[PDB]
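A closer look at the structure
These are the residues of each chain, in order.
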Amino acid sequence: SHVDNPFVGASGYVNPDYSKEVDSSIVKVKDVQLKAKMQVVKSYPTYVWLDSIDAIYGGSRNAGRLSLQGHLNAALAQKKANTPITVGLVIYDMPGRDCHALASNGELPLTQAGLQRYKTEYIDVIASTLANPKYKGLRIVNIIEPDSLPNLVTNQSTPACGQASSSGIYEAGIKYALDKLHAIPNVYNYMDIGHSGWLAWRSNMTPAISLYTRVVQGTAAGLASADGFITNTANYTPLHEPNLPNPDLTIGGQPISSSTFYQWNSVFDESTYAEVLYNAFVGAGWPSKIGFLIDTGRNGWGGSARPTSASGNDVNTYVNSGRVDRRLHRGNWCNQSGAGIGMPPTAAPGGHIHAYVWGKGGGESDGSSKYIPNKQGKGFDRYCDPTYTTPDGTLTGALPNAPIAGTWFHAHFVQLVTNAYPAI
């Protein structure tokens, strides 16, 4: 029943809510070739974010979206005979969610009372829904709480993150999620582990690896509770930086890793990141068969200005000429301009990569560019404000006139399709 890599030989569930979002853009554009590229984009599986208790129930409780059961019912109707199918879910309601965000939309407080709600009203309801014999023929693939554990390693100076650590609540929430979800034999769990590479940098690697190891080892099944890891969830870092294959290359006596853009971080892309983590986890005693997912929904960095080479007599000129990631700063995560769709969802593309997945479907907003009245409790994170100067000293790169988090952003969508790499 429980196979090593649930993506092998399997189709994927195509979410009709994402299709309906895409359709809303198709009818606005008169370019029939662009319409066609959008038809193709909505043919790909996209992950379903359970970003609140309300998201489990759908309907009027969640902006008209399908309930969890509605998703699982639709998945049944898409399953081909004698062919497995994966249903992608994002488990995303940690107490004190997004401790490093300027404005988190997480509903649950970072308290023991918050944790008990997480257990009873969120995880337990999801787990009992997934355990229904009606759905035994589906393979459920979970992205486990993005934007949670890595902050305990890199952002402990932020008070909310220091408290997520010292309270034990993040670790308690992950353990409970893994215990209840791994107990269902057709459920596969992939631990979110960020994207930047800062988790692997210098004195961060040991606490990062030991943190993930300690949390999963303490579950009932130990390391078997996690089938693997996922990087780049909802972010933009490219699969490869093809013009900068060697971070140690020196120009003017300095390695290009020391350019402004990388700030001494030798991990330039998600392929390098996943391999660095894989080797470290195997070094910590994880089984060699662990797999990595990479979210490639918005990390293509294509279009007609994508660099094809690198040149320059100093590391900054060189790196900036050649990097396909065109962001002002690798810390800019919201509604990024210039970004394009990346690799389509792809099973077992090579090595220890179990799959390329569209963790976040391109076109949905990362947050509004102002505070917009809404009934979902979605706020205004200045990292979504195009005019905001971040603590890193650059603007955000976010697209202007953005709607609230998790709702459709037509202008970003058109841009993402136009700039797809590979092209649609």
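Residues numbered from 1 in each chain as written, not as in the entry; some residues may be left out. Heavy atoms only, no water.

The record names X-ray crystallography as the way this model was obtained, at a resolution of 1.864 Å.

For the structure on display, the rule yields 18 aromatic pairs. Seen from their ring centres, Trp49 and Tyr92 are 5.2 Å apart, and the 85° between their planes marks the pair as edge-to-face. In this pair, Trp49 is assigned in strand β2 (residues 48-50) and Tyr92 in the loop between β3 (85-91) and α5 (112-130), connecting sequence segments 43 residues apart. Accessibility classification places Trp49 together with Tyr92 in one group, the buried group. Joined through ring pairs, the aromatic side chains of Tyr212, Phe229, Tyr278, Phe281, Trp286 and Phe292 make up one cluster. Directly above the aromatic system of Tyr92 lies the positively charged group of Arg97, at a separation of 3.9 Å from the ring centroid. In this structure, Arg202 is placed above the aromatic ring of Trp201, and the distance from its NZ or CZ to the ring centre is 5.9 Å. (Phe/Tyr/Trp six-rings, centres within 6.5 Å; stacked < 30°, edge-to-face > 60°. Helix = DSSP H or I, 4+ residues; strand = E, 2+ residues; numbered from the N terminus. Buried < 20%, exposed > 50% of the residue type's maximum accessible area, 1.4 Å probe, protein only. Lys NZ or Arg CZ within 6 Å of the ring centre and 35° of its normal.)

Going through the model one piece at a time under the given rule, you end up with 1 disulfide. For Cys99, the disulfide goes to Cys161, at an S-S distance of 2.1 Å. Taking the sign of the S-S torsion, about 100° here, the bridge from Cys99 to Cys161 comes out right-handed. Here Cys99 is found in the loop between β3 and α5, whereas its partner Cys161 is found in helix α7 (residues 159-166), with 62 residues between them in sequence. With respect to burial, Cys99 and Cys161 carry one shared label: buried. (Disulfide = S-S within 2.5 Å.)

Inspection of the secondary structure puts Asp17 in helix α1 (residues 16-26). Buried charge without a salt bridge: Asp17, with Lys20 as the nearest opposite-charge side chain at an N-O distance of 4.5 Å. (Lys, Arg positive; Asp, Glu negative; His and termini not counted. Salt bridge = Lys/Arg side-chain N within 4 Å of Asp/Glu carboxyl O.)

What follows covers the pattern of salt bridges. Following the criterion strictly, the structure yields 12 salt bridges and no others. The residue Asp54 makes a salt bridge to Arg61 at a minimum N-O spacing of 2.9 Å. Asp54 gets classed as partly exposed once you look at its relative accessible area, which sits at 30%. Salt bridges sharing partners connect three or more residues here, namely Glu21, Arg65 and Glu364.

Further remarks concern the nonpolar core. Generally speaking, a soluble globular protein has its nonpolar side chains buried in company with each other. Within the largest apolar cluster, 68 residues are counted, with the highest numbers of intra-cluster contacts made by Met191 and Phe281. Contact partners of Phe281, with chain neighbours within four places excluded, come to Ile193, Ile209, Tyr212, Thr213, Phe229, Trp286, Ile290 and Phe292. Among the nonpolar cores identified, the runner-up in size contains 18 residues, and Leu34, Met38, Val324 and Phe413 belong to it. (Core = buried A, V, L, I, M, F, W, Y, C linked by side-chain atoms within 4.5 Å. Contact = heavy atoms within 4.5 Å.)

Along helix α4 (residues 68-78), the residues that are buried comprise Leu68, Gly70, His71, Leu72, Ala74 and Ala75. Where α4 is buried, its residues meet α1, β2, α3 (53-57), β3, α5 and β4 (139-144).

It is worth spelling out unusual backbone geometry at this point. Cis geometry marks the peptide bond from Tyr421 to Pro422, where omega comes out at 0°. Mapped onto the elements of the fold, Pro422 is located in the segment after α12 (410-418). In this structure, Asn82 takes a positive phi of about 60° despite not being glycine. The residue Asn82 is located in the loop between α4 and β3 in this model. Residue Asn82 is classed as exposed on the basis of its relative accessible area, which comes to 80%. Non-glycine residue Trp264 carries a positive phi angle of around 75°. Within the element layout of this structure, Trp264 appears in the loop between β8 (254-255) and α10 (270-283).

This next bit is on the environment of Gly285. Position of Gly285 among the secondary structure elements: in the loop between α10 and β9 (291-295). C-alpha of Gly285 to C-alpha of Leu110: the two residues are 175 residues apart in sequence and 32 Å apart in space.

This next bit is on helix α11 (residues 315-322). Within the sequence span of α11, burial applies to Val315, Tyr318, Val319 and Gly322. The arc that holds every buried residue of α11, seen down its axis, measures 90°, which confines them to one face. Where α11 is buried, its residues contact β7 (250-251) and β8. The backbone nitrogen of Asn316 lies 3.1 Å from a side-chain oxygen of the residue at the head of α11, namely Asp314. (Arc of directions from axis to C-beta. Polar contact = N/O pair within 3.5 Å; in protein donor to acceptor, adjacent residues only side chain to side chain.)

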